[PDB]
Each structure stands twice: as C-alpha cells, then as structure tokens.
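Just below is one structure, and these are the notes that go with it.
In this analysis, Cβ positions are derived from the backbone assuming ideal geometry, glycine residues included, and neighbour counts consider all displayed protein chains. Quick note: the coordinates plus some simple rules give every number you see, no bench work behind them.
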DNA sequence: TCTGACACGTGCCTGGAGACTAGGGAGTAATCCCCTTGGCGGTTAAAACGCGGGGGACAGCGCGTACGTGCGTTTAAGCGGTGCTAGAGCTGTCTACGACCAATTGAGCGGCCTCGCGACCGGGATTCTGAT
DNA sequence: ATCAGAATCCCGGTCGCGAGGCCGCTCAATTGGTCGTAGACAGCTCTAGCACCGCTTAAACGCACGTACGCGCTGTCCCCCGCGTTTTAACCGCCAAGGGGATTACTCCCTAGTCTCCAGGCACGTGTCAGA
Ligand SMILES: [Zn+2]
Ligand SMILES: [Zn+2]
Ligand SMILES: [Zn+2]
C-alpha cells in the first residue's frame, strides 16, 4: 500500500514496472502506465516504451483514453472496449476508436 | 528565558491530549478542583482502551482482506473479546451487523 | 420569612439550594430551581406516603413499616415503574401464585 | 452533625394522615428515597444544562428533567405542582 | 462562522499508526471510536466525581481515577489499564 | 401532511429478515403483529424522549444528538451518530 | 482460614428462598446451581465494597460501602443509610 | 423440477443476513412511521436525516436482540418455531414489562 | 395417619413466606461465608454488623427474584419442577451470561 | 403483662435569611445560507397472492425416576454475659497544591485536491443440496 | 452415491466517490508568579468489632415410603415454506422554495459574593402507648 506504483489508466496498486514520461513539460504521475493497460489499449509494450528516448505517455500525445482524461475532454466514459474491437478486427481500441470517429 | 514549551502529553509520553482532558475535566463540573495526575491517568487509560480496540479491529479487517476499517470490523472486534464485550455490553454500533451464530438445534439433521 | 413559607412548601428550599450548589451539578443555580425541585420532591413524597398510609390502614396498624411501603410502591403502577430496580429492606414481596400451580 | 429529611417527611405524613405515625426503619427508607430522587433529577437537569450550553440550572431544566424521569400521570401532575410554587414565589 | 468542534480523530488516527501501520479507518468508524472515547471518559469521570464526593473531598486526584478504573473496567483490563496510567503519572513526576 | 396507517409498512418480509438476522429458522404466523406492537412501543418511548429534548432546546427540528441522548437515558447507548 | 462455608447455605434455606419466590417443586440439582450463583453474586458485590473501603484507607467495611457497591450494579438498596 | 427441502432456504437466509450489515426495513415506510408517531407529541416537527437514520438503527438492533431472546425461549420449550408466547416471556424476563 | 397430598405443604409455605418479611438464611453461616469470600480480596478485614446485614438482604432479594424468573421459565416449558436449565435461561436472558 | 420504640421538650448552635453590589450570562434584532421540505418521471426490485405438501406442533399413553412428607436423632444457630483492644472519628497546625491571571505560541480545525480502495459486471469453476 | 439443477465464489476487466495528507489561520494550551486553603500528619478518645464460655432447643439431617410427574413414543392434522406470477410502490436523479439553525452585537438584570444577625433542625433526655 506504500510501495506499489499505480497505473494511470487502471488506477490500481500492483507490483510491476511502469513506463515514464520524458516530456519536460509533463507533470505529475500521469506519465506512468502499466503493461496490461497500454498493451490492451494502444498495442505498445513496456520494453519498447522504456527503451525509446522520445517515448511520451499517452496523455502527452493526447491519445489517453482514461476515464479521468476522457471526462476532461467533455465526452463520455469508454468502459470495456477490447472485445468490441476484437469482433471488428481491430488489434487495439485506439485504432478502433480512431475508426469510429472516421465513420 | 522561558524555554520552548512542551506539551504535558509529551512529558507523560502519551498521544491523547492531557491538556484538553484537563480542560474537559475542569469545565465538565465534576469537582471543584482536579489534580495534576488525574488528566494524565485518564488520558493514558483512554489511549490504552483505544489501542486494544484498534488492535482487535485491524485483525478483524485483515481476516476480511480489507485495508480500511469499517464499523463492522469494530463489532467483530468487540463481541469476540469477552472483557471488551463485557465493558460495552449495553452499546449498539451503527452498521455493525451481528456475529454469525446459528443454534445447533436448527442445523439440518442426518 | 423562610424560603419554604414564601413558596408554601413543607420541604426545605434553602437546604435544597445548598445541596444544589455543593453538589457541583452546575456553576449557577437559578432562583426558582430549588423551589421547583422541592415542590416536586414534596409531591412525590406525599403520593408515596398517602399510598403507604392507606395500605397501613387496610392492615389494621398504626405505624408505617417497610412492608407497607413495599406494598404501596409495588401496587401503584407509576410508582412501581419509577422504582423498578430498587430493593426495600425487610420489604417482602407481593404474594402471588401462578395459575398452573393451583390444584 | 448529621442532617436528614426526617422533619419534612414527618410534616408531610402528618398533613396527609393526621393519625398515622412512621417507624425509624421506614423513616430511613423514606430518607433514602428522597435522596435518590433528588440525585436523579439534579443529575438530569445538569445534563440538560450541559447539552444546551447553559451554565445555569433554571426552572426549565428541572421541569424537563421531571418530564424525562417521571412516568405518565406522575409527570403531568408533578409539573402542575411544581410551577404552582414558582409562580407563588413570583407573587411573594 | 466556522463552528469548529473538537474531536479525538487527530489521536484516534495517530494511535492507529502505532498499532497497525498499514491499516486505515473509515469516517463512519472514526465517528464510532470518537463516541467510544467520549463515553468512557464520561463514565470514569463520573465515577471519580462520586468517589471524591463520598469521602468529603473536593479534589479529583489520580487515586479517584485509579479507583474508578478499578470499578468500571472488568478483568485483565482493570489490571492492565491501571498499569498504564500509573506509568504515565510516574513519568509525569520525572517531567 | 398528516399520515395514517404506517405501521403496516413494516412488512412481513422485513420482519422475517430481521428474524433471520436474529438466527430464527421457523416463524409462527402470529409474530408479525406482535413485533409491530413491540416496535411501536419502543419507537414511542424513544421519540417521546427525543422530542422532549428538542422542545427544551426551543427548536422546531429533531437532530441526531437528541435521539442519542434519548437512547442513552434508557441504557441503549448508540455509537456512530454522536 | 475458613473454607467450605458455601455448604452453610443449607438445602432447607434454598428451599425457603425458592418457596418465597413462588416455586412448588424443586429438582435435586437446583441447590448446587443456586449455591454457585449466590457465590458469584456475593463475590461481585464484595469486590466493589472492599474497593470502596480501601479507597478510604479503612480496615472496616461499613454498611455504606456495601450500599455503594450494590448501587454500582443497578441494585439500589434502601434502608441502610443510603 | 428442483425444489429445496423446506428449511434449507431458511438457513441460507440466516447466513446471508447475519453476514451483512445493511438495514432490513425499507427507508420510506420507516420514515413515514417515525413522522406519524412524532406528530402526536409535537406538531409541525422537523427531523434531521441523521435523526431518522439513528432511530432506525436503534430499532433494528433492539428487534434483532429481542429475536435472539425469543429464539432461545423457543428452543427451551423443545420447539423450533418462535411463537408470541416466547416473545412475551423474553420481554417479561428482560424487565421490559 | 393423616398425610397431606404432595404439593399441599408447598403452597402452604409459598403463602407463608410471601406473607412474611424476615431473612430466610441463618445469620451465622451467611456471615462466615461473607468473611471467607472477602478473605480473598483484602487480608484481615473487619465488617460492621449493618454491612453483613445489608449483604444478606441484597443476596436474599436477588435469589428470590431469580427464582421467580426461573419459575416462569419452567412454566413456559410445560413443567412444574424447576431444573438448572431454567436458571441458566433466566440468567442468560437477564444479561448475566 | 410487659417489652421497651416512638412522641415530644428544650438548649444550642450553625446554617439560613436580609441588604447591597458588580459583573457576566443570557434574551433579543438581524441577517444568512443550508438543508429540510416538497413535485416528477421511470424502472426495476421487491412486496403480495396462490398453491402444493412436507416437517413440525400438539395431544395421548405408559413406565419408571425422583421428589415431597413424615419421624426420630443430633447439633450448632441463637442468646446472654465479659473483658479487650483495633481503629474509626475528631481536632489542631501548617505546608504543599491547585486556582486565577497576563503573554504567547503552536497544535488542531477548515478547506482542497488527488490518490488509492472499495465497488459494478462477465464468463468459469466450486461448492451445495436432492433423488436416485 | 453420482449426477445434475442451483446457488455462489473468483478472478479478470473498469469507475468513482471518499480518505489521506497538506497549507493557512486562530484559539487555546503552556509559562510564570502569587496566594489562599484543602488535605496531610500527629495525638487523644471513645466505640464497637471480636474472641471466649455456657446452655437450651429449634432447625437441619438421615432414612422410609409412596406416587406425582418428567420423558420417550406414536399418531395426526395443518400451517408455514419454497417457488412461480404479477404488480406496485421504493429508489434514484433532478429541480424548487424557504424555514429555521447558527452567529454576531448589544445590554439588562440575575445571581455569586460579603457581612451581619438570628431562628430552624439536632441531640440529649425522658414518658405515654403500640403490639409482639
Ligand atoms: Zn493500468
Ligand atoms: Zn506525461
Ligand atoms: Zn488520462
């Protein structure tokens, strides 16, 4: 309860390595994401995100779909969308979300 | 020189406030005067009783794998210790529920 | 010129004021507080004494003893309720036998 | 030396029963009853004075304590027998 | 314009961090331990006042507090609680 | 504003649930009215004392503390609302 | 030293207490249960009477100490100087 | 069709409701009952939500305790079902007249 | 010879002892029991006579009340004799257990 | 008849009463906002009915245990004396202790805001009973 | 006894409101000094617990005997439980008013507090009468 890191998307406490935001203008812990959330949301992994020097947290690029950020955008809550994207052939919900906007 | 003031609870080595307890005793019209060792004793006793109830309630919550005590974890911590149960035998606890207890007569036969 | 005479009571009022001040119930005691308290005490004592005297008269006795007081309290419903958890020395008990016990 | 409610309870007894005396043991029982009731009512009046942030015990506290302890007809009667004294004190 | 009221939540919480360093307490349970403290305080203080009045004393002292704790608290509690208070008092003597 | 026939709102399933928490397994069909009467008497006493406290406070509202004091006067100290 | 004095509460004494209570038949095992109950009650009262006596640094247990000890348990006793 | 033997769901309900903590009486009927009772003593009264909640909590606790005593009285008489006479005996012994 | 049927003398003493008001336990055995019990709290105690008398009055009143409740429990279970289970039930319901 | 427990009689203080005072507790106007009172529409879960039948309350019967009643034996509770002394009351002295009071300073209370916990569903074991 | 309806954890997905902390004041706890008296300690006295001795003699105590009643066994209706169907009012989310709990600013008069004097209960002491 005093040691674990909390992911931005899932907002739970667990023992796992989490990525960091390299944006100098980035503030707070919102640059930290856990593998199970980001791999299900955008197709990125912990290793590549850690190794990339210019990698930014999904809030930094503006592609964060967390409920807090989703509400900051003035639009509704996503909920669970992985299986909907899978039924539509989309590997990640972000491509599904981008396709939904296009349609 | 008036050296830096230290709370009387620190001199007593306590966590409950001896000074506030002194004020409560004096303003609660219990007696015309109150000594210097009355607030210390009363504060220590209240601290100890709270410590025991919290000891029991933390375990009662841990066996429920919860990280935030609720009223329930007090009742299970009270009605299971015989002495604490005796001390608080005429007290109801809001949202406290009751211990699971089914009489052996009602249990299914065979 | 005593305080009881002004209020027209036979119970003391100055003594009740002294017992209110010396018993640290409050810092200040009002003017009519001892008067009201003495009147209520006088009324309750008068009711108890009337009931006990009637019980003694029905007992063909001249002096009131603890048995008469116990009978008077235990027969009057309101006085019994007011004194539900009090034991009277040599007061005895109300004679009562359950119906199933009888032949 | 020692004080009691012997004289006052004897006066009340003579008022309510001109031809009835009282025994010493029963007299002590009456003393204990008067002390117990006085303690109860004074303590309850103190509690009401504390609850409402009042530093003075007045007739209102005694009246509400009487209404709180005394059951049923004993309350409404006693209140009527209490205020009747206080208003008399007002007349002096 | 504040209506600030005293409550033992500053201590009821702070003594919980000395007995269960990684366990919380709900605000519905802080308002129960608050009442427990405010009830036991009144019990012991009232008993101490009665004890002082019986002996024609006007000063509530640690003897009346000790006797009140001995009268109310049952069993090992009264044997343990006292052993706490005495320590505090004797520590108070050393200042 | 006035109300009438509200003790029947203490339903038979609700009384059965209160009995189930009490550990009883079988319920006679005649205990529902008995429990309604008992609850009404208990509520009458506590509410009378609470409204007495409210009247002494010169208040037109009944607060939690009045109820807590009314219960404490009957030896039913309640923790959680004080 | 004194011992086994609880047997001094004889069977006919318990019989008289039960008859005053209003019971007409008594089982044979009632007497031991009553002796145990009475011993527990006596210990509970005497503990507090001796505590009250010790608080006053006295070697004599007065009647008023017993009266206070009984009052502590909600068993107010009249007629002994209370 | 599957049909539980009588009494099975009784123990199931006993376990379920002894595990929980929520109030068993619906809030609106109890609020109406409280208002109806209090209207006699004083008129045009007002209740804090905390007042009604505290009254309800006290009533449920009292009823649960009374039901435990009633169940003990029932088991004493070599019975399993609680009857009104058990409630009466429990209330008489407890001193609640 | 003349022989009363069982239970007649029972009612006779029931009426006789609810009519009377004196103490039913002998003074000396109760005083000895009080002294032995108090021996375990403070050594070499002394007792005022009124103290022992008050203790006897309180103990007798307590036992008479307990026997009243026990008789009620026994009558509830369709019995006339009082058994230890009735005393246990009365003490449990009263809050003593 | 006789037992004394209770009914007054009378000194005698010693707590109560009368005058006067000053200071602080508490009515009273004067807002203010907040948190109690309503309407109002769905809707969903929860109360209400109905019905079959199974387990349980209730009465009866019979045999045997255990308790009440009585009688003769015993034995210690109760009563009355008689010294004896521990210790409970009472008083006097005076000292340590707590109240009252002016600075003054930090501990705790209110608001804030964000982080972690305690919730919801959604498929898969995992028990849990019932009849065979 | 094994298999199948049925209820229930269980562990993955999310989300959402509250609970730890954190900063700013402000109210009260702390320091220090002065002063009055409450309780502690030392003698003195008288009371009333406590220990013993005898002596009746009611009350406890063993045994005997009979029978009342507690207790297990059968029946036998019948009342409550479980489940399916329907329906209906609680619950939730909104808005909409305004009544009154709460908080200052007087300011007035109620009550400790002091002093002086005096008569109402208390204790010692009998004496007629309940009543054991
Ligand atoms: Zn995550
Ligand atoms: Zn970032
Ligand atoms: Zn985000």
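Using Cα pairs closer than 8 Å and at least 6 residues apart in sequence, work out the relative contact order for chain C, in percent. Don't jump to the answer; show the numbers that get you there.
Details: 74 pairs, mean separation 18.2, N = 103.
Relative contact order of chain C: 18 percent.
For peptide F:53-63, how many partner chain Cβ atoms fall within 10 Å of a residue's Cβ, on average?
Numbers: counts 5, 7, 5, 10, 4, 2, 3, 5, 5, 11, 6.
Counting Cβ atoms of other protein chains within 10 Å of each residue's Cβ and averaging gives 6.
Give the separation of the Cα centroids, the stretch D:1-75 to the stretch G:28-59, in Å.
31 Å
With angles folded into 0 to 90 degrees, how steeply does helix C:66-75 sit against the dominant principal axis of chain C? Use alpha carbons for both and round to 10.
Relative to chain C, helix C:66-75 is tipped by roughly 90 degrees.
Could you order peptides C:23-33, A:74-84, D:56-66 by the average number of other Cβ atoms within 10 Å of their residues, highest first?
Details: C:23-33: 19.3, A:74-84: 10.4, D:56-66: 23.0.
In descending order of packing, they fall as D:56-66, C:23-33, A:74-84.
Taking only DSSP H segments of four or more residues, each worth -39500 (n - 2.57), what value at 222 nm results for chain H once the sum is divided by all its residues, to the nearest 500 deg cm²/dmol?
Estimated from H runs of four or more residues: -22500 deg cm²/dmol.
Which log10 I(q)/I(0) values, to two decimals, does chain H give at q = 0.14, 0.23, 0.25 Å⁻¹ under the Debye formula with one point per Cα?
-0.76, -1.19, -1.24
What relative contact order, as a whole-number percentage, does chain I give when Cα pairs under 8 Å and 6 or more residues apart are counted?
Numbers: 33 pairs, mean separation 18.2, N = 97.
Value for chain I: 19 percent.
Could you check how many percent of all C-alpha pairs in the stretch A:17-75 are farther apart than 13 Å?
Working: 1020 of 1711 pairs.
Counting pairs separated by more than 13 Å, the tail of P(r) holds 60 percent.
Please give the average number of partner chain Cβ atoms lying within 10 Å of the Cβ of each residue in E:49-56, rounded to a whole number.
That average works out to 5.
What is the mean number of Cβ atoms from other protein chains located within 10 Å of the Cβ atom of each residue in peptide B:14-21, rounded to a whole number? Working shown, then result.
On the way: counts 6, 9, 9, 4, 2, 0, 3, 2.
Partner-chain Cβ atoms within 10 Å, mean over residues of B:14-21: 4.
Round to the nearest 0.05 the FRET efficiency obtained for residue B:1 and residue F:5 when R0 = 51 Å and r is the Cβ-Cβ distance. Can you show the working numbers first?
Working: r = 77 Å, r/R0 = 1.52.
The computed FRET efficiency comes out at 0.10.
When the helix-only estimate is applied to chain A (DSSP H runs of n ≥ 4, each -39,500 (n - 2.57), divided by the residue count), what is the mean residue ellipticity at 222 nm, nearest 500 deg cm²/dmol? Walk me through the numbers on the way to the answer.
Details: 6 runs with 39 residues, N = 103.
About -9000 deg cm²/dmol.
In which sequence would C:41, D:74 go, from the one with the fewest C-beta neighbours within 10 Å to the one with the most? Before the final figure, lay out each step's value.
Values: C:41 26, D:74 21.
Lowest to highest Cβ neighbour count: D:74, C:41.
Evaluate Rg over Rh across chain F, taking Cα atoms for both radii and Kirkwood's formula for Rh. Walk me through the numbers before you get to the answer.
Numbers: Rg = 15.6 Å, Rh = 14.8 Å.
Here the Rg-to-Rh quotient is 1.05.
State the Cα centre-to-centre distance between the stretch A:12-84 and the stretch C:18-36 in whole Å.
If we compute the Cα centre of each part, the gap is 72 Å.
What is the distance in Å between the Cα centres of the stretch I:1-45 and the stretch H:27-97?
Value for the Cα centre distance between the two parts: 40 Å.
Using only Cα atoms, figure out Rg for chain C and give it as a multiple of 2.2 N^0.38 Å. If you can, show how the numbers build up before the last one.
Values: Rg = 18.5 Å, N = 103, 2.2 N^0.38 = 12.8 Å.
Rg over 2.2 N^0.38 Å, computed on Cα atoms: 1.45.
May I ask for the angle, rounded to the nearest 10°, between helix I:8-19 and the longest principal axis of chain I, with both axes built from Cα atoms and the value confined to 0 to 90°?
50 degrees
For residue H:40, which inter-copy label distances result when the label point lies 7 Å beyond Cα on the Cα-to-Cβ vector, reported in nm to one decimal and in ascending order?
Residue H:40 label point versus its equivalents elsewhere: 5.0 nm.
With each run of n ≥ 4 DSSP H residues scored as -39500 (n - 2.57), what mean residue ellipticity at 222 nm is computed for chain E after dividing by its residue count and rounding to the nearest 500 deg cm²/dmol?
Numbers: 4 runs with 65 residues, N = 95.
The helix-only estimate for chain E comes to -23000 deg cm²/dmol at 222 nm.
Output the 0 to 90 degree angle, nearest 10, between the alpha-carbon long axis of helix I:84-93 and the longest principal axis computed from the alpha carbons of chain I.
70 degrees
Jot down the per residue volume, in cubic angstrom and as a whole number, of the convex hull over the alpha-carbon atoms of the protein assembly as shown. Before the final figure, lay out the partial values.
Values: hull volume 247.2 nm³, N = 861.
Dividing the Cα hull volume of the protein assembly as shown by its residue count gives 287 Å³.
Taking chain E, how much of its Cα-Cα pair set, in percent, is spaced more than 18 angstrom apart? Write out the running numbers ahead of the final one.
Working: 2756 of 4465 pairs.
Cα-Cα pairs in chain E separated by more than 18 Å: 62 percent.
What is the Cα convex hull volume of chain A when expressed per residue in Å³? Don't skip to the end; give the middle numbers.
Working: hull volume 12.4 nm³, N = 103.
Looking at chain A, the number lands at 120 Å³ per residue.
Restricting attention to the alpha-carbon atoms of the stretch I:42-94, what are Rg (one decimal) and Dmax (integer), both in Å?
Values for the stretch I:42-94 (Cα only, Rg and Dmax): 15.8, 50 Å.
For the protein assembly as shown, give me the percentage of DSSP beta bridges that are antiparallel, rounded to the nearest 5 percent. Walk me through the numbers on the way to the answer.
Details: 3 of 25 bridges.
The antiparallel fraction comes to roughly 10 percent.
Compute the relative contact order of the stretch A:5-75 as a whole-number percentage, counting only Cα pairs closer than 8 Å that sit 6 or more residues apart in sequence.
33 percent
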